[PDB]
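My questions all concern the structure below.
Lettered A, B, C, D and E in written order, each chain numbered from 1.
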């Protein structure tokens, strides 16, 4: 599974630019695609979402109208066309793979991101930095403005880890379920208030931990909890 | 030729068979023990079930 | 000589019959004549799963009691969300003549097979989003009638070559073979997974030890082909449906037939048998377009499922016992409570 | 009502439904045939010379051909036991059963008649027509002309048999071979018309090893079968 | 224009009473069997159910007409019930005509061309053409509600949907009814059949018995349609080209209304011809 991205750089304000994403190694047609931005020092922010079959397209309130999303399934390439660029649109953009069926793991694979520099349920992470040492157990907590437990019995909270100079990697989806390829050390639990517990910590778990809601669009992230040695 | 059949019959003959009364008692015991956990035999309160 | 061997076999069969007859201390019907009847079970359809092009032969409930796999002769398995009727997966099959399907206990794999004599295991949870053929198991010289998963790596199959086989998955080779003088039609695995009973087209059902590989016990009594077979949840009993329009419940420990379920108003063979969670209810699909729910202890027809315009081919009860799903030749599955 | 992931799952189900409808458009327009016969019968030759013109233990062999822009799937059975009572149930919805019989073998002609009787009177094929391919007509012609073996030694009703008036003898072929082949066809058609009412019909055809018209006769017979099915379904009879 | 209506009191009540009594139960069993065909993947079920619904609408409208002809042709039910019932008695028959034409075309496609046009014989196509046909009602019904048709005669009776000395908005819609509604449907029926009758009598699989039976059924259907509708449309023409004075209205009144009453037997013949004679119906009966 590989999600390479391209089409970013220096652009003068008020211009336009198209971002492309080449997917190779998985069935692109059956996967929904997401564009998620991250400012150079701030956290993650969802930009757009296109569904399988291109029948459900959602945009963030800050990009709606002036951004459009599209896909080419035969060419296996995602596109985000952006017009009327502003200073707020200086970020690394990430392509995110997310399938939706019973038991599926959305936001399973993230791309590599492209830098573009120009010249609503609230997720609160009250803790931004945590001093940690290897071998200990730490718990990262998030809060939600609205209850994420739906009537179907699913609490739609997602956990991501952004290691230094790397794309976010899914850890826990739906607040309890472990992703594929993450060690059993990670565990998550919660209710409006949540937590992510890491036991027997290793040196590869340092980074910024983000919590994301998926109960209703727009998908809103948290500030992020940085774990430094 | 038929030696395999004879050996199979001999191996299947010397077994320990309990009385059919004890078999019926065991089946009844299982049914009565798990009766309360059978939604089809004992209907659900129509709110715990996932199809209504 | 041959005559001596035949005489010895006849003597051994007579000895087995006498030993079985010398244990009929009290018939199960006589003992359960005192227990109360379950009454009329007015089961009702709640979800109709439609989308199959042709008739369905096999269905299997997941361990989660929410995901179904249904095999139809349109070359398709469909993995249904029972709760929401949503179609989770649609797996095309390279052989359209499918007679069996199995859903792995872990939920990671599905199985299919039919007149192509191959047990195809499909991987559901892959890094790519598509369902891929994990592998194809070949070695049977007859049509594959039933397949069941011991785990993600072992699968037991029954074929029309008068043979069952336990297969390893990582190495697609018959770990062991089980040798019935007729087409084997149905398999059922004991809850302990260490044994399995198989019914064949010789009115005989054989209980096999999976590890050792030899026929532990054999049971007779039917007058025609055995088409379906299942275990009582205890693991020490099993029920068989047959083309002689009768169901029969046997016990391994008693090593003899316990009880028979039949009515003069039904003259069609049983095509799919299943037990409720308690074992009090024995559900049997028939060619009369119905699924009859019997009281397994009283031989009293306690309910009828009548929603299919064609013959009921497959039938299965969830792990939690909430619902019973029956799929028929009318291209539909129906979920009942 | 529905969560976002639930709506996306519903969308996935809708796309699966769309693909299933596209596949139904193909399944409805594709006709499935069941090829039956014996080792003596040249059904393998028919398969070869019909696939040309248009795994070790594998029990099914699918030959897909096309006539007048309509698709057909013959399904030969080649790795199954002599018993047929059960897997035949899988073919209760096929358009036709193509039954190939070696007319030359007088010794095994009764076995062929018994097998055809089993197929015709089967419970699950009560609404399924049989296209009867009396193969190896050239061998039968040679055998009857160079007369050493006689049908009267196998069927003691050939002496008191006359060629039916509604006969279509091929040009330049003797009345003896016509009498023989029509006697064989009449045995098969007598079994066919002894029962079955009008739900299914047996279509007889005198075929040879190298005939190129077999696909055409299958197409015509299947067209007639579908016509009868539509007459029944659309309330015309 | 002093026109007398004694046929409306002698033969009309009988006809309406009979058509009601023998058609309301008939076009309910017919509807049930059409629904049964709908349960199976049968395209003809949509057409049968729609035809039965149109007939049921005609039957529903019948009691008002019976009451009307009972009181010496005096529609004492307001100026809108008259329009509705007159539409259901005059313009509603063409919905049934279009639906039996749909049945005939579907039969021709299924019999004469079994290997093609599989798209056109789906439930989606059937409901699409049914929606198109019902649009026409809506869209003709509107046209008729545009005009106000209640005329008080010499005896103060309010005749409904009938102005004898025919009007200028008539004499042209009657041409439309004849050309599109009789001539085109009868041509469509005589082309769909005799194409079915050519596909049959060409097949080598059905016996001569059944082949003659199918021809008899087709001939009965076509002849019943003709006997029900041809006199009415011929008289519609005869009244749209030679009617200019009150004298001709008195002359042709009896014939025209006899033909109109003859059209009322279509709703009682349709369940017989399209649902009762079928062998599938006999099994579930």
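Criterion: contacts are C-beta pairs under 8 Å (C-beta built on N, C-alpha and C of every residue); 3 or more make two chains touch, one makes a residue touch a chain.
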Chain with minimal offset from the mean of all protein Cα atoms: C
Between A-D and D-E, the pair with more C-beta contacts: D-E
For chain A paired with chain E, centre-to-centre distance based on mean C-alpha positions, whole Å: 65
Computed distance of Cα centres, chain D from chain B, in Å: 46
Chain A and chain D, separation of their C-alpha mean positions in angstrom: 60
Interchain centroid distance [CA atoms averaged], chain B/chain C, Å: 14
Residues of chain A engaged with two or more neighbouring chains: 30, 99, 101-102
Junction residues of chain D, two or more chains touched: 6, 9, 12
Contacts with 2+ other chains: residues of chain C: 66, 81, 84, 86, 88-89
Chains that touch, pairwise: A-C, A-D, B-C, C-D, D-E
In the complex, chain D residues that touch chain C: 6, 9-10, 12-13, 16-17, 19-20, 23-24, 27, 55-60, 62, 75, 77, 79-81, 83, 85-87, 90, 92-93
Chain A residues touching chain D - in the complex, by the definition given at the top: 30, 32, 51-53, 55-56, 99-102, 106, 150, 152, 154, 156, 214-217
Residues of chain A touching chain C in the complex: 1, 25-27, 30-31, 99, 101-103, 180
For the chain C and chain D complex, residues of the former touching the latter: 51, 53-55, 73-74, 76, 81, 84-90, 95-97, 99, 114-118, 138-143, 145, 160-162, 182-183, 185, 201, 225, 329
Chain B-facing residues of chain C, complex: 2, 5-6, 8-9, 12-13, 15-16, 19-20, 23-28, 31-32, 35, 38, 41, 43, 46-47, 66, 82-83, 214-218, 232-234, 236-237, 251, 253-256, 258, 276-281, 293, 296-297, 317, 320-324, 335, 337
